[PDB]
Amino acid sequence: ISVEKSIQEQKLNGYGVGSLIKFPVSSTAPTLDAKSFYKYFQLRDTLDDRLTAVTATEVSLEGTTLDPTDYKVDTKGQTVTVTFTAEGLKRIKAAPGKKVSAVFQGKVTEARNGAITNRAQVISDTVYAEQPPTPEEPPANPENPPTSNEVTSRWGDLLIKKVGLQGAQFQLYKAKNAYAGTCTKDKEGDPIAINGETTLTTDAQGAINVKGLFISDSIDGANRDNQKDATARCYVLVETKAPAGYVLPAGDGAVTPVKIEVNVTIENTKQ
Ligand SMILES: [Zn+2]
C-alpha cells in the first residue's frame with residue numbers, strides 16, 4: 001500500500017494570495033483475496049497552517065463513477081479526511097489496481113518562510129471474514145501509516161512603495177520569461193487577483209503589501225508554467241493610475257519588472 005501526492009499547476013488556480021492550492025492525492029487499490037474485506041479506507045491530509053478553509057474535492061475511483069453516498073469529506077482543524085462508506089468500500093474491493101483519489105485544497109493566506117509543504121496518508125485495514133463486515137471508524141492516531149512523498153509549493157511576497165503617495169493604482173501580470181536571470185517588462189494574461197482584487201491601491205504611507213505570489217513547485221513535467229528548482233520568479237508591475245497631481249508615465253515608463261524571491265520603490269514626478 002502506497003500514497004502518491006502531486007500539485008495542480010498553480011496557473012489554473014491563480015498566482016496570488018487568496019488563491020487555492022490544489023493537491024491531487026492517490027492510492028492504488030490492492031488486490032484482495034476473495035474473503036478479505038476493508039474495515040475502512042480513508043485518505044487523510046493535515047494541511048499547512050498557511051492554508052485556510054481546507055477541504056477535499058473530486059473524490060474518484062478510477063474507471064468508475066462514484067455516487068455522493070460512497071464517501072464522506074470532513075475537516076477537523078487542519079486535518080481533512082475522505083472516508084469511504086460501506087458502499088464505497090465494496091467498490092474499492094471490486095476495483096483492484098485502480099486509483100482511489102481526491103484533491104485536497106486550501107486558500108493561501110500568506111507566504112511566510114515561503115515553502116508550503118504537504119503530505120497525505122492512507123488509513124486502511126482489511127480482515128478475513130466468511131461474511132462481509134460492516135465498516136468501522138478509522139483510528140484517530142494509527143502508528144506510522146502509509147504516507148506520501150512530500151510536495152512543496154514556493155511563495156514570496158512583494159512590498160511596493162510609491163514616493164509615500166496614497167491613491168496610486170497598480171496591476172500585476174505574469175511575465176513571459178517567468179524564470180529569467182534578469183526580469184523583463186514583457187507580460188501576458190489578465191491582471192492577477194490579490195485577495196480577490198485585481199487593482200492595488202497605495203495606502204497613506206504609499207505602500208502596497210502583497211503577502212504572497214507563486215514562485216515554483218516541486219513537481220516536474222512538460223508545459224507546467226514551472227521551474228522545479230527555482231527560488232525566484234519574475235512578474236510585471238503596471239501602474240494604471242497616478243496619485244493626485246502626478247505624471248503617469250507613457251507606455252513602457254509605467255511598467256516595472258519585479259523579481260519575487262522565497263522592496264520595490266516607484267518614484268513619482270509632479271506635473
Ligand atoms: Zn454508492
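Conventions we followed
Residues numbered from 1 in each chain as written, not as in the entry; some residues may be left out. Heavy atoms only, no water. Residues with missing side-chain atoms left out of burial classes, pairs and counts. Disulfide = S-S within 2.5 Å. Helix = DSSP H or I, 4+ residues; strand = E, 2+ residues; numbered from the N terminus. Buried < 20%, exposed > 50% of the residue type's maximum accessible area, 1.4 Å probe, protein only. 1 Å grid on protein atoms, 1.4 Å probe; cavity = no way out; pocket = protein on both sides within 12 Å on 5 of 7 lines; lining within 4 Å. Points joined across faces, edges and corners; volume = space filled by probe spheres on them. Nonpolar A, V, L, I, M, F, W, Y, C, P; charged D, E, K, R; others polar. Salt bridge = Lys/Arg side-chain N within 4 Å of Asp/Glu carboxyl O. Pairing = 2+ DSSP bridges. Core = buried A, V, L, I, M, F, W, Y, C linked by side-chain atoms within 4.5 Å. Domains from an automatic or database assignment. Contact = heavy atoms within 4.5 Å. Polar contact = N/O pair within 3.5 Å; in protein donor to acceptor, adjacent residues only side chain to side chain. Donors = N, O, S within 2.8 Å, 3.2 Å for Na, K, Ca; no water.

- As summarised from the PDB record, the model derives from X-ray crystallography at a stated resolution of 1.90 Å.

Description of the state of the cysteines
Here is step 1: With the rule as written, the count across this model stands at one disulfide.
Here is step 2: The disulfide partner of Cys183 is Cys234, and the gap between their sulfur atoms is 2.0 Å. Between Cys183 and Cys234, the S-S torsion sits near -80 degrees, and that sign places the bridge as left-handed. Taken together, the positions of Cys183 in the loop between β11 (169-175) and β12 (187-188) and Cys234 in strand β15 (residues 232-241) put the pair 51 residues apart, joining distant regions of the chain.
Here is step 3: Residue class for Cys234 comes out buried when judged on its relative accessible area of 1%.

With respect to the layout of surface pockets
Gaps left between atoms are located by rolling a probe of water-molecule size over the structure's atoms.
Here is step 1: Estimated volume of the largest pocket: approximately 440 Å³.
Here is step 2: Around the largest pocket sit 20 residues that line it, and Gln42, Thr81, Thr83, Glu137 and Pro138 are the ones nearest its centre.
Here is step 3: Estimates place the volume of the second largest pocket at around 210 Å³.
Here is step 4: Contributions of two or more residues to the lining of the second largest pocket are made by β3 (36-46) and α1 (86-93).
Here is step 5: Ranked by residues supplied to the lining of the second largest pocket, first place goes to α1 with four residues.
Here is step 6: Residues that form the lining of the second largest pocket fall into these classes: seven nonpolar, one polar and two charged.

Observations regarding the pattern of salt bridges
Here is step 1: Summed over the entire model, instances satisfying the criterion amount to eleven salt bridges.
Here is step 2: The partner of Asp125 in a salt bridge is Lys39, with the nearest N and O atoms 3.1 Å apart. Of this pair, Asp125 sits in strand β9 (residues 121-128) while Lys39 sits in strand β3, placing them 86 residues apart in sequence.
Here is step 3: Residue classification places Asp125 among the partly exposed positions, given a relative accessible area of 29%.
Here is step 4: Residue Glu110 pairs with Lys211 through a salt bridge whose shortest N-O separation is 3.9 Å.
Here is step 5: Note on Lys211: relative accessible area 43%, which makes it partly exposed.
Here is step 6: Within this structure, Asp67, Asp70 and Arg91 form a network of salt bridges that share partners.

Some thoughts on the sheet that holds strand β7 (residues 99-108)
Here is step 1: Across the sheet, which stays open at both edges, the four strands sit in the order β1-β2-β7-β4 with antiparallel pairing between neighbours. Strands with a single pairing partner mark the edges of an open sheet, and in this sheet they are β1 (4-5) and β4 (51-61).
Here is step 2: Across two bridges, β1 lies against strand β2 (residues 20-28) in antiparallel orientation. Within β2, the residue paired with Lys5 across the bridge is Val25.

With respect to the environment of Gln131
Here is step 1: Mapped onto the fold, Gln131 is located in the loop between β9 and β10 (151-162).
Here is step 2: For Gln131 and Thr46, which are 85 residues apart along the polypeptide, the C-alpha to C-alpha distance reads 35 Å.

Describing the nonpolar core
Here is step 1: Membership of the largest hydrophobic core comes to 58 residues, with the highest contact counts inside it found for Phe41, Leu43, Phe84, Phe104, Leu158, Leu172 and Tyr235.
Here is step 2: When residues of this core are assigned to domains, at least three fall in each of domain 1 (1-156) and domain 2 (157-271).
Here is step 3: Residue contacts for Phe84: discarding those within four places in its chain leaves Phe41, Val59, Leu66, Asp70, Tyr71, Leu89, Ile92 and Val100.
Here is step 4: Membership of the second largest hydrophobic core comes to eight residues, among which are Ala175, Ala180, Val238 and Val255.

Observations regarding the side chain of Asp225
Here is step 1: Among the structural elements, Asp225 can be located in the loop between β14 (207-217) and β15.
Here is step 2: Residue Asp225 is classed as buried on the basis of its relative accessible area of 18%.
Here is step 3: At 2.9 Å, the side chain of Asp225 and the side chain of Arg233 are in polar contact.
Here is step 4: Beyond its immediate sequence surroundings of up to four residues, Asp225 is in contact with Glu9, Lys11, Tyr15, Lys174, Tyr179, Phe214 and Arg233.

Notes on the coordination of the zinc ion
Here is step 1: Bound to the zinc ion on the protein side are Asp67 (OD), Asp70 (OD) and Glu87 (OE), at distances that span 2.0 Å.
Here is step 2: Donor residues for the zinc ion sit on one chain with the sequence pattern D-x2-D-x16-E.
Here is step 3: Judged by its relative accessible area of 23%, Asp67 is partly exposed.
Here is step 4: For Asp70, a relative accessible area of 0% translates into the label buried.

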